[PDB]
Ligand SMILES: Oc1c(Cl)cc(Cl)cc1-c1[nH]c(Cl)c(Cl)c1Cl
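In structure tokens, one chain follows: the form deposited without the ligand.
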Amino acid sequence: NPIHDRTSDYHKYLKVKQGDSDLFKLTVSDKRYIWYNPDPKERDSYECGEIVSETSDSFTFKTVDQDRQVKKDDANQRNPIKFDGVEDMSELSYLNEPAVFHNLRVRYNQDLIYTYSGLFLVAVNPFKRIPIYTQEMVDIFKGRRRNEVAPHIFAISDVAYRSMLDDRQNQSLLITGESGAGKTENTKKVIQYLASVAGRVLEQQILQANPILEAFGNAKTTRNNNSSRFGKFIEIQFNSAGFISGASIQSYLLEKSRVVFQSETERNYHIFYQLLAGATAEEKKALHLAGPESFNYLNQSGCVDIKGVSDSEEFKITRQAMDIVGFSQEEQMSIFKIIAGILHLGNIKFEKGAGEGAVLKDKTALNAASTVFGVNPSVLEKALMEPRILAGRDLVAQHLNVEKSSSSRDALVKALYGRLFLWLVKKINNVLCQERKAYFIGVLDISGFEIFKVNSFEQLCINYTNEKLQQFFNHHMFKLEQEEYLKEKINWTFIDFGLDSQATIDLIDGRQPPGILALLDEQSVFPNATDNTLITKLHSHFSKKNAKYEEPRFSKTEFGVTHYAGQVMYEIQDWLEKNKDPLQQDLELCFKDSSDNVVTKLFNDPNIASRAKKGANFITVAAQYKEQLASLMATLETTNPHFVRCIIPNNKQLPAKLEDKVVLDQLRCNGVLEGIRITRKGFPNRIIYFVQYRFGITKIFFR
């Protein structure tokens, strides 16, 4: 038993290290301590002070430098240090902000990133490798109850799996966190663990799905070098006997705008850098490829490499993963042709002709794109600069200017890339679809809460998704929990835990009165609407009317939303075009005639290519977003949830650097302390009258 052996890797890496005789002396001390703010302007910066005296209502304590006094009602008492490193913080005597943070600090300082906070797991990103995910670690956790073993993502994965078998009920693992917190890395460990303990080719294909999805769907942002730019719900499927029988990836809207634009220091999707770094010399000749600095879509941000990442070595991994999942050699070729042709399209330079319409004087990029896509360059050229539309019923060739031609070219690119992504996921899913499931454990890995210098429509939807997920945690931990006590009349006084995202949710997606997204959609079919009339309308509805909305005084093009995780200012530029997501039909006609078998599916397969109709108009992106979100929330309601709260230590992506204010903001807005308090004060378990106690209408309830 490595569990009981102090020299095991299990002890070394997952257990608090043996304290020494000096620490023993400190542990048995009769002295008492308080967490205080040396600077009251700075509420999250705490030191420890000895309590030197008390009255009926106050403590006096030493400060690190004088003596101060504080009302006992305002005092954040330090826990007896025997609590330092505790595995489940519901056991702390004093439940307060600096004490919770301190316990996480003690564990983190020893590379103990997992800690229970009552019923849910907290995971603080190490930003370095820690050897706790080996097969040997997996074997240890196999079938062990949560209290029998150290905190670990494997442990909560096992708890769900046993609950699935024992209760014959589908489960979910909901991993929350702002961008860079560790959601995707924990998601991968859950999958790894389930595939190992419930496993028997299929298991390898489930695992190899991920490098394919990341190469194409992750990118370096200023918050995360491997940022997920699409969310996913992964259903791991099991038969009646509890063995893995398939899996299904639900992917959510991809940030397509990143293909054509990246902010300074950021990167485009990894795949672009992987192709250019890892392609053979004549893979490169045949695709007309050179270095990333040669491509407008890769040379704007100032960043082409990521610290510690070999794009060439990752390319090998992406190709191996494609082999294992079963993409043919021609399919793969076609994939890279699409990637290369996108880079070429981005190199097309429109200019003004004799009139207002654009021309193409240099056709090098156009011809290179058309060659790799297998389309006609004259046709493509005409579809870019002179697309035909209806005017009433007449067919009228437009002649677009430089800016409109360039926008149209970008539209074609984003559609190519988003449709390729959907096709990758479809292909992967068909391979993993080998049996009707009996049960599933779904793992949710969304794009996490994020704030940039410039926040756009995509950031509003990402942040709203994170808001909705926090609301789901609030509903499960506090609201449904107390509704049960009160449906069962068990002598409970209702506690207002002060966590309600409802006002922010309503602001964004309210129906009557219409919220932000409804108003966006209204403006999107209003024939003369502009981004300026859009923000005017938002201001007219919400400015000084909605407490979560701010019309800023320093800008006419931004509005503020107060999210659970902080206020975010949103830039309105391009929201109508983003929401309408137009593409010229002549571009689709051009690509429907491609000689490439993959390209042709992207344009002819209605499940990839066709867009749904809302009466007279195509479904907007906001409406697509809402359907996906509603479908997700509906699926989660069919499941028993388990929450993992990923916590980023700092905003620098560095190990061994826990920052007080960064971490405490997350513990606050995540509701971690509230969640510990409900665990303590409530009655987690109840059985119908079954053959520190409460007798309800139909049920026994216990602490």
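So that there is no doubt, residue numbering starts at 1 and follows the sequence shown.
What follows is about the form solved in complex with the ligand, which we do not show.
In the bound PDB entry, residue 582 approaches the ligand with a heavy atom inside 4.5 Å.
Proximity of residue 476 to the ligand in the bound PDB entry: non-hydrogen atoms within 4.5 Å are absent; the residue sits far from the partner. Contact between residue 415 and the ligand in the bound PDB entry is found at the 4.5 Å heavy atom cutoff. Within this chain, residue 611 lines the site of the ligand in the bound PDB entry, having a heavy atom no more than 4.5 Å away. Only one listed stretch (72 to 80, 102 to 110, 89 to 97, 574 to 582) carries heavy atoms within 4.5 Å of the ligand in the bound PDB entry, and that stretch is 574 to 582. This chain lacks the partner; the member of 409, 319, 256, 344 within 4.5 angstroms of the ligand in the bound PDB entry by a non-hydrogen atom is 256. Screening 569, 422, 360, 149 for any heavy atom within 4.5 Å of the ligand in the bound PDB entry leaves a single hit, 422.
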